[PDB]
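Read through the structure below, which is laid out as structure tokens, and then see the notes.
Positions of Cβ are backbone-derived with ideal geometry, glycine not excepted, and every protein chain shown enters the neighbour counts. Since every read-out is calculated from the coordinates, none of them should be taken as a lab result.
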Amino acid sequence: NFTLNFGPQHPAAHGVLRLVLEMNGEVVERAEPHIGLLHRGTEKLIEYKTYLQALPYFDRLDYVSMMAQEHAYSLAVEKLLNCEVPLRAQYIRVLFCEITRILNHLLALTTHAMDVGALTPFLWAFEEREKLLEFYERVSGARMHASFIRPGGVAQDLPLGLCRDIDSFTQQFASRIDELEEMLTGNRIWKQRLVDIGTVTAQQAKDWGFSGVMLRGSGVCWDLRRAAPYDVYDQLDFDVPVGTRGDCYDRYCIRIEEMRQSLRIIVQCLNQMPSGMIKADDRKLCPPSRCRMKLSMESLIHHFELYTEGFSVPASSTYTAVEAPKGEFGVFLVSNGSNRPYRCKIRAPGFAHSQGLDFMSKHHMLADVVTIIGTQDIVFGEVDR
Amino acid sequence: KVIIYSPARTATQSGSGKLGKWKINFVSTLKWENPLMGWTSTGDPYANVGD
Amino acid sequence: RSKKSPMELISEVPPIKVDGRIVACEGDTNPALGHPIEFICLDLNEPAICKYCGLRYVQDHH
Amino acid sequence: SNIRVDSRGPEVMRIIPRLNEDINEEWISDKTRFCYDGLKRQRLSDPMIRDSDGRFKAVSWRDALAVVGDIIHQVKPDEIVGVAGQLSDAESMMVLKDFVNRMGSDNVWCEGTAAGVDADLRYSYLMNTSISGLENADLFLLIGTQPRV
Amino acid sequence: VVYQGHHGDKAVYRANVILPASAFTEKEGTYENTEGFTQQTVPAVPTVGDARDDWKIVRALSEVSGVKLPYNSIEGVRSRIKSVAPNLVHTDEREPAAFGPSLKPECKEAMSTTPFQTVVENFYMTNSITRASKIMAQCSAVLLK
Amino acid sequence: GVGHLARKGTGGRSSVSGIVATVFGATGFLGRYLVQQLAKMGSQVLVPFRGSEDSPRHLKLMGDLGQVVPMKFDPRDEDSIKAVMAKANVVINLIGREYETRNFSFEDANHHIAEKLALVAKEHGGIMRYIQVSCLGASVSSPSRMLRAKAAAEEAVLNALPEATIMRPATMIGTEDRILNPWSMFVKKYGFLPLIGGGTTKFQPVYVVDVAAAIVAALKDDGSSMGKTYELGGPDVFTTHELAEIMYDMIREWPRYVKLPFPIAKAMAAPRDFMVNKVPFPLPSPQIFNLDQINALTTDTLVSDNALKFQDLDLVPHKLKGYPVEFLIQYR
Amino acid sequence: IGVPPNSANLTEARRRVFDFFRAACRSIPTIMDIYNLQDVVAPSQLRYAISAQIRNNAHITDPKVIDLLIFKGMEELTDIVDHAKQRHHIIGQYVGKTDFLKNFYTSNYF
Amino acid sequence: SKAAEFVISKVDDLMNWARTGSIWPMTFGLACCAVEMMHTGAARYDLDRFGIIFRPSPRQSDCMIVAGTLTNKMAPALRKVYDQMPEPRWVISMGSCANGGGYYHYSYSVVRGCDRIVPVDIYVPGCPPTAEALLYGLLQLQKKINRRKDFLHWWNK
Amino acid sequence: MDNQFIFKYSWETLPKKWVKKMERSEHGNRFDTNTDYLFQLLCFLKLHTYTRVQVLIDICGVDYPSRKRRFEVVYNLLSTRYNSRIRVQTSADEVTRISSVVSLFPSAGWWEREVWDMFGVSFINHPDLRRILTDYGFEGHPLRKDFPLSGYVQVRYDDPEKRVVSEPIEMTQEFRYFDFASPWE
Ligand SMILES: NC(=O)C1=CN([C@@H]2O[C@H](COP(=O)(O)OP(=O)(O)OC[C@H]3O[C@@H](n4cnc5c(N)ncnc54)[C@H](OP(=O)(O)O)[C@@H]3O)[C@@H](O)[C@H]2O)C=CC1
Ligand SMILES: CCCCCCCCCCCC(=O)SCCNC(=O)CCNC(=O)[C@H](O)C(C)(C)COP(=O)(O)O
Ligand code: SF4
Ligand SMILES: [Zn+2]
């Protein structure tokens, strides 16, 4: 069995993916992905920067679900700090996490389809994803990497003309999803290129740690935002799609239904949006209003000592876990009691999904491996931290 | 060659909250100025490990 | 203009006249867009320089 | 007195007293506190050799060291006097003493007030009573010392 | 004269060969107190220009002149001191004096008449470091008569 | 020549040295090694180029954020040449082509320009050092064409600046040399390796990094460098035949030769390819049949037994068998 | 295969060291064949280099430390043998008055 | 020279127009900047309008965009990719990680910019650069190409 | 199935001498064993009916350069059907072999290698233990508190030989460490 070197230097296979594998000529036996080409070194760099300076690390990891990533860090810091966040901040955080889920699902679906060969829905879905990156542009400073969510609440309040635009988008997003789905689900080629590909049993998914869509594509109803609801999700009404067969087609259907449920949750959060402040007030971990630190002494002191020293998290350690679009994303914070984290390991959902590729491509075609890569939605920012 | 010592309390402030901790002081005294922007350059990897 | 350095450009601005003993300087007309409020006790024969703004204040009469 | 030098990069920014109950007792003098400016002012950077015509140019380390090694033996084994400095550490003075003694000469002395003083008992030139021990005294008889300057 | 230091002050005006030397914030040497207490110095900052330690300079000059010395490192020269003054290598030790004014070369010689004279005139200009500073130059102009 | 090193820190790419050397004609073969050697020790190097703006592009990787700053200069113009030197203290000359174009004749290839830069450095009043480079074996009485003008330039430069070092490399060997790579390329095409010299032409090939080390060492050392003229040579003496075997054994091909006498090759080389006499300036460049080289291979290029040698500065030449010659694997 | 448990005593680690040296010598033609180096170096003094590097660390008595050096050496050997290490690095690692005056002339910090 | 100057100027103009009207950048995406780089080529900005069709292999592409951080392990691969390209080899350093260090700039396994390797012609700053910023960078590269007197230099020499 | 019930059950059901110490808090339930009864503890926690811990989330690692047992690897677990989390951790050492758990949870095969790479805690009966994250020619373990942030080697391209060669680190602007630590805390 001869060995050929994969590892294309372009994002047409997500880039940064060596993937040396064994070939019998047409059927692959063992595929060995060589991760580490994107080991930037965030985990070592976390310990050298305060709890505020370390927030933008989390946007870079899994750089398609930006606000779904810093949300886990914020929740971990809040748990370590016993900080209570106001209701409006919780609702807008849930809304923006759902927007991240929609963005990730769209990007994953179209990148996977373009890997298969269908290239026309790709540009349609990026046309629709323009409208949500514009929403990100509005609330925060930057389109993609938005440090909107902070440990206290969110960084800044929503602009006045935002909810109208969001609802106008949600009016037609369902029709756009239907248009994208009609080209793939009912198609013939899509079925023969996905059905009975990369089947994973529930026992295999549990053993290999496939929490996320891979776990739910095997019949396991394990949704972290329903099993362990963190923000205001009990109030919200949504369903958890669960597959029957562990093939790639049911994962695609599950992702489509997840986009539907995310749209439903966005509508619910838009309807049930309370007033009030956005940043917390119990502990002192939030900056004073810039119209307040310029005429008060204690407020200016707090601003100075927060933007230089930062808040000191009391010495403890914990493992938070949120439902990232990829799957379960968890941050293992260890606090020394000082203003810098002692150790912050990042549990990337894509790491386990990528290691579990070896048994998924067991006795498949070589071109049957790119579709397995696409269906598990691997970005290498999170895999190599 | 390293020096093991406990940093003393700073004179300017009366708090003793940074005391009782011991540090290893690698003598990384080799630093120069980049002749374009005045930045401080180093060639010793232990410039601030002990700090 | 850009030939004049800001140090030599602020000196030519005439000092403000204040009737009282202390004057509060907030930078710009809008308080939120200027420096933090600074109360300066102008009592000497020389103008009192605002440490943030550089503006000078002179007391004419009580 | 114990100090705490604070430096940013390659230059000393300020000098802060360090607590030492026996020697300085948390205080520090003005001369030792504001002398950090002299460490960056006019300083010797490279070896320099006077020229024949009176000019004073700079050379490499080997060249000046070669010149001094040329002139070291142009003089008699006697009269190779070497004067130590006020700030020179113990090692420098020790090596200077060894270098002078190993050439048939002995005229090494500390800078200033070292003409005919004998220092062999380690109490005729030292503060036998501890600096912290002066708090137990009852009378002082300062003899031409002025311990203020 | 072959001057070796880190400043000028009327010795450069007469020097024939000038060898730059390290300052006290950039060298590791043992200094002795008035009460016989010794303590070392930490190399805070790098040396300026092409300057070397004083002991390094004199050791290299000794080698080039052709006379051999049995030490080549800062540790070795410390062991040499241990045979001339072993208290100089005991950093944290409050050693007292084990003698007294009893034994001494008792010599009642001729007396004098000249009164005691001040040895320091300007407090802010004593050593080369304080003489070349700007803060001291303006400080010793309004703080004293 | 002292008081211009001004060392700052450890030997590194971002270190500092008091050298602002401008290497004229560094865009060729020797320049990409000399500039790298200069920048490795923190010296700032300026590369005045006259061709396209993309020719001194690979030289930006030598330094670190401003060590290498190329500028455009016009060889015909004079006062614009002063621009690329008004902030310099060291000047190195490498200009000179083995070819011959109409616009720049043999005299105005490595003599007139060298004299112009020497004179403008002399009148500059700040150029501390100068290292002009010529070929080994240049003389007034020689069948070689460019070597005669090159020798005239190397003797006329000293008049303007007496404290000028002259280096004489001999058939430099490297990854982009003009004497070994063309032979391999021709062998690949069809392959017969015409020996114009017909063997029995023993010279001293040298490897380029050794030459670059020689110049940087002449800059580093303080003493007998100004005025002195070195003659860099290889570890041993090589002829065109044994050099042919030591290049053929790596190409992994049968050594075949069409070794021919001198006059037929000279008649097929110089007059056949000499057509720069009318209308257009650019003409195709000679591959192996060079007008100067055919006349140059009639005499040995041994290093002078009484002049300066390559080991005078304590540099061991690279043994040109297994370590230097390794680029030929791209042909096999 | 799988990582063996740490050696109980030094005599059990000594045979492990000999086995590692044996494997390194067995695999030594492969490096010379796949990295295309024949004129620069002969295989015989590579034995000397490996022996020197394995005898320099011969004063360690702790069996765990010796086992860990064997482990790291195996990882380095597998990196070199496989197409992981890159050319001109194996050859980089493998194959007067006094020192004080030189160190004084070159720098202050030696 | 003036008689045969109009022809060479026209030839230079034609070559510059040909090279600016069809640039085929090679998508060497590495990190989050690759998202914005593929997002510029979407239906909203239409990077293809300027004849900026992408290429899958470095053999046909005449330009490459380094989008994303450049670790130590990918440096040799980047150098090999750059070497294989044909003679022109224009390089664009998209993002803030590629064009000099970046947000990390300090970790052990990061090359401090793609200028230690693969010499760069245009630096596009941003983290991540806006699609219009990448478009402006490409326009600046096109302006750079228009200054190449390819035939005039080879005819003067 | 909640924190307290699991605490009672694992206090009663678990054989002694396994858990060196244990904690119960809202942050998380801990079971600190003694670096030898790890495979046994995980096997019991995986197969028992009242504690059906099936999925191993991640294998952490904390470097404490102040205790005799320098390192401390942390095993995060999760019971899907009981909807509960157990965090088992040990104490390791820089020269010591701690047992592997790839047999129970196959997903650990890569976190095992990553923990070896970052810190240097080797493992037994593990098929590979090869570096997974750092460079092929990388030396030292970076997540140790000893390793400098900038590292030991730099990477650059030199023209004399057409390849990318490593070199000693030499930075243009040093990493400015701001010491914000203050007393009264
Ligand atoms: N190294 C060797 O193998 C040998 C070297 N030598 C001597 O060493 C010198 C350098 O060797 P080498 O590096 O091969 O030379 P180059 O191959 O570098 O050519 C010299 C460079 O100078 C520039 N140049 C040439 N003519 C002119 C001109 N008229 N006006 C302005 N710039 C010009 C060119 O740059 P562009 O093309 O970009 O204009 C050319 O690349 C040679 O000139 C020769 O005298 C002697 C024998 C053999
Ligand atoms: C190209 C190949 C690539 C890999 C090359 C190798 C790279 C790693 C090399 C390993 C580096 C090491 O230090 S790992 C090996 C280090 N371990 C030891 O040296 C054991 C301690 N020494 C002893 O036991 C004895 O003194 C002994 C000398 C053995 C004999 O003496 P006896 O008989 O009385 O016992
Ligand atoms: S510049 Fe910003 S977005 Fe681009 S790779 Fe670097 S960190 Fe990621
Ligand atoms: Zn004001």
request  = Considering (1) assigned to a helix (DSSP H, G or I); (2) crowded, with 20+ Cβ neighbours inside 10 Å; (3) touching a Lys or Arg at 6+ places or on another chain (Cβ under 8 Å), say which one A:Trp222 fails and leave the rest.
outcome  = (1)
inquiry  = I need the strands (runs of 3 or more DSSP E) fully contained in the stretch D:1-81, keeping only those with at least 3 residues that are under 30 Å from F:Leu5 (Cβ atoms), within 7 Å of chain E (Cβ to nearest Cβ) and touching a strand residue (DSSP E or B) at 6+ places or on another chain (Cβ under 7 Å).
reply    = D:48-50
request  = Within the stretch G:97-110, identify whether any single residue is closer than 30 Å to I:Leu133 by Cα and away from ligand 1 (no atom under 16 Å from the Cβ), and answer yes or no.
outcome  = no
task = For the stretch G:59-75, indicate whether the set of residues that are farther than 26 Å from G:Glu12 by Cβ and either within 16 Å of ligand 4 (Cβ to nearest atom) or among the acidic types (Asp, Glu) (or both) is non-empty.
result = no
key: Within the stretch A:353-378, tally of residues that are under 19 Å from I:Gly109 (Cα atoms), in contact with a strand residue (DSSP E or B) (Cβ under 8 Å, 6 or more places away or on another chain) and assigned to a helix (DSSP H, G or I)   = 3
query = Out of F:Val47, F:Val35, which single residue is over 26 Å from H:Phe151 (Cα atoms), among the β-branched types (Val, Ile, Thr) and away from ligand 4 (no atom under 16 Å from the Cβ)?
reply = F:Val35
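Across the stretch B:13-38, what is the total count of residues that are within 7 Å of another protein chain (Cβ to nearest Cβ), in a loop (DSSP other than H, G, I, E, B) and either closer than 18 Å to D:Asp6 by Cα or touching a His at 6+ places or on another chain (Cβ under 7 Å) (or both)?
Of the residues in that region, 5 qualify.
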task = Considering each of F:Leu34, F:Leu65, F:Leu59, F:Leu5 in turn, give the residue that is more than 10 Å from every other protein chain (Cβ to nearest Cβ) and of a type outside the set (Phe, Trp, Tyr).
result = F:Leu34
message = Under 7 Å between Cβ atoms, which residue pairs at least 6 apart in sequence (or on different chains) link something in the stretch H:59-82 that is under 18 Å from H:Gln142 (Cα atoms) with a partner that is within 12 Å of ligand 3 (Cβ to nearest atom) and not in a loop (DSSP other than H, G, I, E, B)?
response = H:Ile65/H:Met37; H:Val66/H:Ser93
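Any idea which residue in the stretch I:1-59 is surrounded by the most Cβ atoms within 10 Å (Cβ to Cβ), counting only those that are among the aliphatic types (A, V, I, L, M) and in a loop (DSSP other than H, G, I, E, B)?
Quick first cut of the stretch I:1-59, residues among the aliphatic types (A, V, I, L, M) only: I:1, I:6, I:14, I:19, I:22, I:38, I:41-42, I:45, I:47, I:53, I:55-57, I:59.
Imposing the further condition that a residue be in a loop (DSSP other than H, G, I, E, B) reduces the set to I:1, I:14, I:53.
Numbers: I:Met1: 13, I:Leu14: 17, I:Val53: 23.
Among them, the one singled out is I:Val53.
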request  = Quick one: which residue in F:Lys8, F:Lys87 is assigned to a loop (DSSP other than H, G, I, E, B), crowded, with 17+ Cβ neighbours inside 10 Å and not aliphatic (A, V, I, L, M)?
outcome  = F:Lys8
ask   = From the list F:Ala267, F:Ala244, F:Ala218, F:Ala296, which one is surrounded by 15 or more Cβ atoms within 10 Å (Cβ to Cβ), out of contact with any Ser or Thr (no Cβ under 7 Å at 6 or more places or on another chain) and among the hydrophobic types (A, V, I, L, M, F, W, C)?
value = F:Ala244
ask   = Inside the stretch C:34-62, can you point out the residues that are within 19 Å of A:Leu295 (Cβ to Cβ), loosely packed, with under 14 Cβ neighbours inside 10 Å and touching a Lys or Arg at 6+ places or on another chain (Cβ under 9 Å)?
value = C:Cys41
Matching residues, the stretch A:6-64, being touching a strand residue (DSSP E or B) at 6+ places or on another chain (Cβ under 7 Å), more than 7 Å from chain H (Cβ to nearest Cβ) and in a loop (DSSP other than H, G, I, E, B) = A:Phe6, A:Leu19, A:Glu26, A:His34, A:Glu47, A:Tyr51, A:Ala54, A:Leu61
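Here's the yes/no breakdown for (1) more than 7 Å from every other protein chain (Cβ to nearest Cβ); (2) of a type outside the set (A, V, I, L, M, F, W, C); (3) surrounded by 18 or more Cβ atoms within 10 Å (Cβ to Cβ); (4) touching a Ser or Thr at 6+ places or on another chain (Cβ under 6 Å):
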| site | (1), (2), (3), (4) |
| --- | --- |
| E:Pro20 | no, yes, yes, yes |
| E:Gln40 | yes, yes, no, yes |
| E:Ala60 | no, no, yes, no |
| E:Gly66 | yes, yes, no, no |
| E:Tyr71 | yes, yes, yes, no |
| E:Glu75 | yes, yes, no, no |
Matching option when the condition is in a loop (DSSP other than H, G, I, E, B), within 18 Å of the chain's Cα centre (by Cα) and not aliphatic (A, V, I, L, M), among G:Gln45, G:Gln38, G:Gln86 = G:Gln86
remark   = Here, helices (runs of 4 or more DSSP H) confined to the stretch H:74-157 with at least 1 residues that are within 16 Å of ligand 1 (Cβ to nearest atom) are H:150-156
inquiry  = Out of the residues in the stretch F:274-293 meeting the condition of being crowded, with 18+ Cβ neighbours inside 10 Å and not hydrophobic (A, V, I, L, M, F, W, C), tell me which one is farthest from F:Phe186 (Cα to Cα).
reply    = F:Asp292
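Somewhere in the stretch G:35-44, is a residue out of contact with any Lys or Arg (no Cβ under 7 Å at 6 or more places or on another chain), within 12 Å of ligand 2 (Cβ to nearest atom) and away from chain F (no Cβ under 14 Å)?
Among the residues of the stretch G:35-44, at least one is out of contact with any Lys or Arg (no Cβ under 7 Å at 6 or more places or on another chain), within 12 Å of ligand 2 (Cβ to nearest atom) and away from chain F (no Cβ under 14 Å), which makes the answer yes.
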query = Scanning the stretch D:94-131 for residues that are more than 7 Å from chain E (Cβ to nearest Cβ), in contact with a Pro (Cβ under 9 Å, 6 or more places away or on another chain) and surrounded by 12 or more Cβ atoms within 10 Å (Cβ to Cβ), which turns out farthest from D:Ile80 (Cα to Cα)?
reply = D:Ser124
request  = Kindly indicate which of C:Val18, C:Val13 is away from ligand 1 (no atom under 16 Å from the Cβ), under 10 Å from the mean Cα position of the chain (by Cα) and not hydroxyl-bearing (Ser, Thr, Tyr).
outcome  = C:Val13
ask   = Taking the stretch E:8-18, which residues are facing chain D (nearest Cβ under 7 Å) and buried (at least 20 other Cβ atoms within 10 Å of the Cβ)?
value = E:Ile18
key: One residue from F:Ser144, F:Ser105, F:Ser134 being within 9 Å of ligand 1 (Cβ to nearest atom) and of a type in the set (S, T, N, Q)   = F:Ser134
Residue, farthest from the chain's Cα centre (by Cα), within the stretch I:87-109, restricted to residues that are surrounded by fewer than 22 Cβ atoms within 10 Å (Cβ to Cβ) and among the hydrophobic types (A, V, I, L, M, F, W, C) = I:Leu104
Flag if I:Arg87 is facing another protein chain (nearest Cβ under 9 Å), under 24 Å from A:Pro229 (Cα atoms) and basic (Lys, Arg) = yes
ask   = Going by the structure shown, is E:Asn122 surrounded by 11 or more Cβ atoms within 10 Å (Cβ to Cβ), more than 7 Å from chain D (Cβ to nearest Cβ) and touching an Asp or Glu at 6+ places or on another chain (Cβ under 8 Å)?
value = no
note = Counting only residues that are within 12 Å of another protein chain (Cβ to nearest Cβ) and among the polar types (S, T, N, Q), the stretch H:124-145 contains a total of 1
